[PDB]
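Here the structure comes first, spelled out in structure tokens, and everything after it is commentary.
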Amino acid sequence: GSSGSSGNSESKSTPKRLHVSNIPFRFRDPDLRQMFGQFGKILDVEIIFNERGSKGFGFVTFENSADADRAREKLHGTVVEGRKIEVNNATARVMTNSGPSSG
């Protein structure tokens, strides 16, 4: 960018998995596919939950990294059924591109 270099082995956007919490227990994969789907075509979805404790949070895997940022923020602060949900980037399934850019 500044120094003066080019030529990237991979020049394609990689799926961006987001993390959501504070969501109704009635919610399911289907919903996420629709709700979030509005932003774009979802790739994968997994909403972990259980009885032993309070496990109310799932994950959404988008097809594009850009579209994931636009939505993430959009949903980041939405009142669903009178319940504010939290949306933040996850660092579980991803391999930061070794380049001149850092987090």
Counted charge near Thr14, where neighbours are those whose Cβ lies closer than 11 Å (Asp, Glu -1; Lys, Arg +1):
+2
Quick check on the chain: helices-only [θ] at 222 nm, where DSSP H runs of length 4 and up contribute -39,500 (n - 2.57) each and the sum goes over total residues. Nearest 500, please.
-5000 deg cm²/dmol
Provide the net charge surrounding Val80, with neighbours chosen by a C-beta distance below 13 Å and charges set as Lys +1, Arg +1, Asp -1, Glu -1.
+1
Residue-by-residue Karplus 3J(HN,Hα) for segment 79-91, coefficients 6.51, -1.76, 1.60, Hz, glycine and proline x:
8, 8, 6, x, 9, 5, 9, 10, 10, 9, 5, 10, 10
Amide H within-cut-off set for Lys55, under 5 Å, with H built and near neighbours excluded:
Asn50
Could you work out how far helix 65-75 tilts from the main Cα principal axis of the chain, as a 0 to 90 degree angle to the nearest 10?
40
Once the cut-off is 17 Å, how many percent of the Cα-Cα pairs in the chain end up in the long-distance tail?
56
Ranking of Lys74, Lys16 by count of other Cβ atoms within 10 Å, fewest first
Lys74, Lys16
Below 8 Å, C-alpha to C-alpha, sequence gap of six or more: please give me the relative contact order for the chain in percent.
33
Dipole moment magnitude, nearest 20 debye, segment 18-85 about Cα centre, only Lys, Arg, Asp, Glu C-beta charged
240
Can you give me the relative contact order of segment 27-84 as a percent, contacts being Cα pairs under 8 Å and 6 or more apart?
27
Tell me which residues come under 5 Å, amide H to amide H, from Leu43 once H is placed; ignore anything under 5 positions away on its chain.
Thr61, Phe62, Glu63
When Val45, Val79 are arranged by how many other beta-carbons sit within 10 Å of their Cβ, fewest first, they go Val79, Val45
Starting with the fewest neighbours, write out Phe36, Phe59 ranked by other beta-carbon atoms found within 10 Å of each beta-carbon.
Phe59, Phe36
So for the pair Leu43, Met95, with labels modelled 7 Å out along Cα→Cβ, what separation do we get in nm?
1.3
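FYI, it's all coordinate maths here, none of it is from the lab. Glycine also receives a Cβ, built like all others from the backbone with ideal geometry; neighbour counts cover every protein chain displayed.
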